[PDB]
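J.: Just to be clear, this is only the beginning of the complex, oriented as in the whole thing:
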Amino acid sequence: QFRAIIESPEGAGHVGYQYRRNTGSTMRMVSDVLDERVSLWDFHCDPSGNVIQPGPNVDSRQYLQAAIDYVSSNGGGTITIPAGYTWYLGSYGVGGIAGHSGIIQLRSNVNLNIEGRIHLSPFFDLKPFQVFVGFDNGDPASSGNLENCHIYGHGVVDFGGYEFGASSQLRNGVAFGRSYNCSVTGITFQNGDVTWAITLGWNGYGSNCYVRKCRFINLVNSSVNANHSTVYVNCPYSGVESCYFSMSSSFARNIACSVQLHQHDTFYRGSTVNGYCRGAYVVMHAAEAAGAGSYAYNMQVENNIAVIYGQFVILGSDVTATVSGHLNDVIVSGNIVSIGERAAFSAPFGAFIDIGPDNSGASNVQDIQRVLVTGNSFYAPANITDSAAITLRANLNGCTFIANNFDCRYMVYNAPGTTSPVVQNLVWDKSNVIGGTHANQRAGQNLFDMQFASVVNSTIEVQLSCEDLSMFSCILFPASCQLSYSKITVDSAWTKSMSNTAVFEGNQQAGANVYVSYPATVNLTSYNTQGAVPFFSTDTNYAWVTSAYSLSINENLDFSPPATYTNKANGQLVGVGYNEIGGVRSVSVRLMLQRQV
Amino acid sequence: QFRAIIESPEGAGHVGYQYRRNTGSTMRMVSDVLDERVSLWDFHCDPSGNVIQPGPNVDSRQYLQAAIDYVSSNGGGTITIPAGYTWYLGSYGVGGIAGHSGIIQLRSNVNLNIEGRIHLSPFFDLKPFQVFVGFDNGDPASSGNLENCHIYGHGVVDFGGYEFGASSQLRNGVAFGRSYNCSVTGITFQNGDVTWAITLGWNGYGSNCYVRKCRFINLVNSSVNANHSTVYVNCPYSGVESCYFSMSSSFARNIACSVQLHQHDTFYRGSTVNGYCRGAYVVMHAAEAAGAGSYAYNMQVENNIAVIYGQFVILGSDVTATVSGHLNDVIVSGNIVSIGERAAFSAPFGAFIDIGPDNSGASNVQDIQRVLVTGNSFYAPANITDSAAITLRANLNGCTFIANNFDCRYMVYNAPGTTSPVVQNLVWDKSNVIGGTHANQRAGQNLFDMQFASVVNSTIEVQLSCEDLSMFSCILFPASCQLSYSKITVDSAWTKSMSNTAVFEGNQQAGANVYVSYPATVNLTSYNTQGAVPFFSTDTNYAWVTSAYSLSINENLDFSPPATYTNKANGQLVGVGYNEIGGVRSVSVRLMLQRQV
């Protein structure tokens, strides 16, 4: 019976087709052409083969898994998750992903085109979950790889608004696993309390994984949530570009970071962030060094836009019993960043760059060097005392700042009587512009507060662009901070009225290989001789000065002080001025003091 | 009758199908699978249901609208506009979009995949039109939102070449309206005389709207066209990336801009522009402040390539009777820009940055601050007198330039006897490289022409990199410009032969908190004493000088002038030189004059 065959599930396999009636084309059956595509509807059926409508009382998980399993068996393809429907997930998956609280297991070469919505059912309320998992084993070390898996479309993953049940729980959207050529593009992740939205790689295993043109909206909502990083990049040659991240929770302002860059050759570009505590960590964790080595290098954070409450970029490296992690060859450029409206001390200490201790608080394990911070803007509102261009809280082996515009409370800061970092190769070029928003707010404060164990091979070229007479000093070194083989300068513009410009509480500017210059007021007295006549300082704290020159006009007719000075062994300054008429002269002059510059 | 059913429109609904003969798959009908996609052909039919071929004598509008209306009713989806066909539009739409001269009404969740061509018929010649409109009401204030609407593909929107009929008319390609998560990707807009190609948002209402990888080609063609901006970004968290803009009309060189960034958290990146008057406006219009506040902040213009005839980036902010607009936290970086080949004064005044008055010409309403211009190149051909790094034509509350390369006629310019802007926090770092293309062209001109009412808290560090002895001065302040709490320096390199370096026509460099240095030639005479001997200037216009030092060699054996000088109350310079043999000496020396630096 022909009628019977046609009405049967093999019917389309009996109806002939030839593309556009082209006599040169293949003589196919309708089913062949329909078989070129596949959707969730092709697996979303009961045991008799009748289609099941999705909805809040239907658990779509087993059907989607069957679709992925079947396409995987044919070498791959793309499964569409249809538009105009919400597909709910309502149970855990089984096997290898159960160890990861997994819902769906991803498979190699099987792409998901999510055009409709995927939504978690209340079964998951107060429970852990990882929605899509690419590991195939509960132990990631024993997992196979996931390759050539792409998730893309105009659709949505909705985490149902459910809070965490316990802080120790973990929640994720996509864990690609040991992931090679995998990506998420176009998707909106929203409405949750999760740990991560996407994680790429596993402990350095993976390559060429990307997140592009995704949105992440309101993914922390509770005090229970221990920590949140929206994308964790844990394989090399991988990155995040052109994404949107937004949070509205108060809790997110204290715990949430947009991106973790944790392996070499990784990037974070062209993205916009609002409502987060932190922008990006750039870190080499020794505990994550298995797949790609012990070094994080070629790290790029560029051309992002951010409103955060804590720190924009945080650098780190640490050690384990048998591995040491190193961070080097980093670039941070083109970013425009602000600390959002908040009270002082109400969120983690505001910073553009933070050199942070390790997760246990250790500040003597880091090996961070060859970092370039250039062509960025940073702003914090004037009330935010806790705002810095760099908070330098752990050992630093080098960081270079060129041509940034920093408009916040401090330039360089570390809290006194906390950690005592060892600092090498800190370079603050004169082309860094220091803004004026916090003028008049700096009573008792040092603009560059050098609260370190030691500083070597460092450059700080201070250039103000407006007055701030509230500040205690432009730069201060406590006596506990050794300083050697360094260049510290304070340009005189906007400093004439400052009582202190640079302060060396241990007289460290006297060091043999310290090169400094800064303004000071000096009292001088002359001899009485008519004609060329010496002037000498009354104080004797200039034994370190190599030359000094006048920054003051001479209101006198009958004499002039020296234009330039040198020193004497007793620590006086001395120079030769001119008495048109004789007499002992006394003057108080603003000088530029110079040492070896 | 089985034959009858099969031949009927329900026939495919009787032919069974099961994906790849998989026994676990859904037992569907052919029509179910065909129903997973939708195209214009599914609505492009006569009242009897017979398909109609598109073409220049068929108006496809009602069919496309029916398709959008129907898909909208099912929760959304993607309508394909087929490749290999041109689909003409030949009438106005009806209802809510009639108030916007709308052709097609877009609807939420309904995407258009434009693979073929859409082409306007001559019905639209000399008339207004907006091809795709997302408003649902003639009054945008009473409109609902458009959400999740994406237009993408390899296809083309062709505006038929028709000129405007009257200057007051408006024409647009896509007006998304009060638009949330909407985008245009891949599409070519060409061949028209329009006001805009795409507009995003409405008066700050909207979010997450983007234009990516689109082309805009020849969209102004007539003298009637009043004004053209290719993409208008009027909602936050939105932007333009990786687009191509080109014009060939002469009129475009005087009226056309590529992008308007008019709300916070907006960007313009990675794009190429040719043939336009202007690159981008970055503006907060008080009249547009309803949806997202009164501040435009986090504005980003980065890594674009442009050949324009007028100004690359134009900044603005203005007020209404009850709202004041503010612009702050802007970054302009990585752009390479030139003024195209043209006669001087033949297009609007060439500039990299323009600080422009409001639309009525007011220059005393702006609140523009915290702008960073860094790491850009600008070039204008040597004949273009009207070319500047910045034309500063309205009040400015701050702008910072670091590490740019500007190769044009002026660095800082405003026309004398026009507006008198009040300038604060203008910072021109010494790392800005001033090119040499216009050397020898600058007779009668000041490189930095400070034609302002006042300048405060500003820095100008001039550094030449080649000679230009044609210029009247490196920097000039008219007597009408107050100057205070500022730093103005002229490096001596390539200046030895200049008669004027810095010029203060009101002697403003004498101010208590002005910090300056610049070269000058000075005549000095000594006393006759053998030995250490004073030299004094013949002129008395140095009462403001704090120190000066020699920039000239000493061709004498029998004496030497002072290496360094200070001043005296009568305005003479004085220093101590050395007469090996006695005698009154007279010399003319090049000095670096310094005040408080």
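T.: Now that the structure is in, tell me what you want to look at. Numbers count the residues shown, from 1 in each chain, chains lettered A, B, ... in the order given.
J.: rest of the way, CA atoms for contacts and neighbours
T.: Noted.
J.: got the residue ranges for the helices in chain A?
T.: A:2-7, A:30-34, A:61-73, A:252-255 (DSSP state H).
J.: And those helices: which comes nearest chain B?
T.: helix A:2-7 (5.1 Å; C-alpha to the nearest C-alpha).
J.: Serialize the helices of chain A to TSV and add fields for distance to chain B and mean neighbour count.
T.: Output for the helices of chain A, formatted as TSV (distance: least, C-alpha to the nearest C-alpha, whole Å; neighbours: other C-alpha atoms under 10 Å in any protein chain shown):
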stretch	distance to chain B	mean neighbour count
helix A:2-7	5	14
helix A:30-34	7	18
helix A:61-73	8	19
helix A:252-255	19	23
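J.: Same list (these) but as a markdown table, adding distance to residue B:176.
T.: As requested, the helices of chain A are exported to a markdown table (distance: least, C-alpha to C-alpha, whole Å):
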| stretch | distance to residue B:176 |
| --- | --- |
| helix A:2-7 | 45 |
| helix A:30-34 | 35 |
| helix A:61-73 | 34 |
| helix A:252-255 | 31 |
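J.: so which of those helices gets nearest residue B:143?
T.: When the helices of chain A are compared by C-alpha to C-alpha, helix A:252-255 sits nearest residue B:143, at 33.2 Å.
J.: And the closest one, what does it pack against?
T.: strand A:272-276 (3 or more C-alpha pairs under 8 Å, 6 or more residues apart in numbering or on different chains; DSSP states H and E).
J.: distance between the strand it packs on and the chain's centre?
T.: Centroid displacement of strand A:272-276 relative to its chain, using C-alpha atoms, centre = their mean, to the nearest Å, is 12 Å.
J.: Quick check: buried residues in that strand?
T.: A:272-276 (16 or more other C-alpha atoms under 10 Å in any protein chain shown).
J.: before we move on, the earlier item: out of the helices of chain A, flag the one nearest residue A:571.
T.: Per C-alpha to C-alpha, nearest to residue A:571 of the helices of chain A: helix A:252-255, 52.1 Å.
J.: pull the CA atoms of the closest one into CSV?
T.: What follows is helix A:252-255, C-alpha atoms only, in CSV (Å, rounded to 0.1, in the frame of the first residue of the first chain):
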residue,chain,number,x,y,z
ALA,A,252,28.1,41.9,42.8
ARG,A,253,29.9,45.1,43.7
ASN,A,254,31.8,43.2,46.3
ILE,A,255,32.3,39.8,44.8
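J.: and chain C on top of that:
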Amino acid sequence: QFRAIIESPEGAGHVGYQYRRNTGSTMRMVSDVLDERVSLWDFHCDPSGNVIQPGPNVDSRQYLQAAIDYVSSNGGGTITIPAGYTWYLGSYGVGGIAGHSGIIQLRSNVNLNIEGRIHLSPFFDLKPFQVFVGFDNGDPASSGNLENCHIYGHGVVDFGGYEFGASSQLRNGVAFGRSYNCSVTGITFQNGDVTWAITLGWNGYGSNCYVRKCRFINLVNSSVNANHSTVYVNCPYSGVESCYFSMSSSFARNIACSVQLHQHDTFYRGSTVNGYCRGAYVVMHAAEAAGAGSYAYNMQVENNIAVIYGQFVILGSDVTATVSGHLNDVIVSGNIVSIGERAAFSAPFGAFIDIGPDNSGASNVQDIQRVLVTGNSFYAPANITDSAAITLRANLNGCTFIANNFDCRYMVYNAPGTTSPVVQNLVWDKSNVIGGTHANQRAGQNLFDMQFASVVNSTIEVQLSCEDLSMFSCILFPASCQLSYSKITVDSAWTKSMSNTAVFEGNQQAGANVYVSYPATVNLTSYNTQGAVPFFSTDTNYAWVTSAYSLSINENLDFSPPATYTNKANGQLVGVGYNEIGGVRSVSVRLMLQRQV
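T.: Chain C goes in next, on the same frame as the chains above:
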């Protein structure tokens, strides 16, 4: 017979369909809907119309060509190359592409969606080939254009691992030809020994061609391969963005470049490179000037990540008998680059920028100017003697460096007794940070080794950030290098112990329009007079010095040397110090020598 028609190839054309049972929709046949898409299966059939399975023993070429030819005839469309299959190509194409060793001929408006794999069969071993060719004629000058051709998908082009048979052979993946609005997106090119993977345009003919989000993996594998450039951009308004390039061969480290930018308005952005000799050439070849003029301008290399073995960006321009090529208006910004681990001299000389001779070795043909290198990082390991910020090997008409961080052996280098370039407008701003990795390695070497015929209108502002007492000098000019109208400065920080700072082997710092400053040690003797007393240098090689000042402390009580000095006609320095008590004094002081600064 109805049964007969239904089973025939016209069967689907008799089965009715109406979208979603919508009474307003078109009353179509199943075949109409199936005809909206097209795949390789629709042409991959034998002469009787039976489908043929692809595989290593089937040559899919004729079937894919038939598909492209047919779709082209209907106005275009998109052919899918199905996922889950490998499609082998095993013969050359015929006609116009035979002259290009072409396999498949691309056609206008016909896109390829490559979801599966395309793989070359061993027929191609040791032979030339170009897999996809858009020329339609063996002579490219007589070719028609290719327009609106896009290749995209998650699929793969695999070149079969075959080595080149002869060095003179050429191999390519995609040659778009005289190409307008063409692109490759998402595709992986791998496993070959080829000349290029993609070429865009032909000798300036073409426009709006792009390569985005592609991977290029292991595309050189033999010593026979003469030269490799992964993407060659030979039309304007075209570029490469967000790509991944990797090589593992030793040969690639000596021959392979990622990108060629060879026409105006072209870009290379956001890409990652590993294992290559070179990053990008930016060149105007006169021989390629036919389609778009003789000038390459608006050239952009930005925000790339690279590990290379030779040079990152190489600039060039050259001439033919009748055309002269010019390069100008270039920007290189935001790049983070390193020379990978290698022995010194084991690959082409390491550099960030190279100013290279033409292909015959000529260094006197170039017209390269208006280049900005800003905000980049460069690192080479300490053992790599052959590493430079710029190797300046051919005539240079201008290049500007601002705010970079260069950490390698040399800053400026050219080999002595090779070429003698004529240098104009070389600008090295003081904001360039010179790293310390190569400290102690520089015995016998000059950090800036100015091995040129002449230098004019140039600026070199040297600023160290750590000591390197191994170096012979910071900057050296041989006597053969003329120097005029230039500024050369050496900041004193970290230089106190250097015997030579700046060296002018021809005494070129004496030039009338040379502006210099650098530290030196000077021996001085005083007269015996008590009181103000002159000090004079013992040596007479300071006739060029305009002023000098002390960089040393004064360990004496009874006298002080001058703080500042000028010169005398005999070449002595002279200044006025102070003898508290009389006596002839002798001192050796570190001075900052200054000329016209």
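J.: tell me the domain ranges of chain A?
T.: A:1-78, A:79-511, A:512-597 (curated CATH domains).
J.: Make a markdown table out of these and add distance to residue C:354.
T.: Converted to a markdown table, these look like this (distance: least, C-alpha to C-alpha, whole Å):
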| stretch | distance to residue C:354 |
| --- | --- |
| domain A:1-78 | 46 |
| domain A:79-511 | 22 |
| domain A:512-597 | 34 |
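J.: Disregarding residues adjacent in the polypeptide, which is nearest to the residue in the stretch 51-200 of chain A positioned nearest to chain C?
T.: Per C-alpha to the nearest C-alpha, residue A:75 is where the stretch 51-200 of chain A lies closest to chain C, at 4.2 Å. Among residues not flanking residue A:75 along the chain, residue C:84 sits closest, at 4.2 Å (C-alpha to C-alpha, 6 or more residues apart in numbering or on different chains).
J.: so that neighbour sits right up against residue C:116, yeah?
T.: Yes: here residue C:84 reaches residue C:116: they are 5.8 Å apart, a contact under C-alpha atoms under 8 Å.
J.: between these two, who's got more neighbours?
T.: residue C:116 (23 against 19; other C-alpha atoms under 10 Å in any protein chain shown).
J.: Neighbours of the nearest residue to residue A:483 once chain neighbours are set aside, how many?
T.: Distance criterion C-alpha to C-alpha, 6+ apart; nearest residue to residue A:483, sequence neighbours excluded, is residue A:455 at 4.9 Å. By the measure other C-alpha under 10 Å, the count of residues near residue A:455 is 23.
J.: how much space is there between residue A:455 and residue A:512?
T.: 14 Å (C-alpha to C-alpha, to the nearest Å).
J.: repeat for residue A:172
T.: 56 Å.
J.: Show me what from the stretch 451-597 of chain A comes close to chain C.
T.: Selection of the stretch 451-597 of chain A residues close to chain C by C-alpha under 8 Å from any C-alpha of the partner chain yields A:457-459, A:485-487, A:513, A:515, A:532-534, A:543-547, A:564-570, A:574-576, A:595-597.
J.: I figured residue A:67 was touching residue A:77, is that so?
T.: No: with contact defined as C-alpha under 8 Å, residue A:67 does not reach residue A:77; the gap is 10.6 Å.
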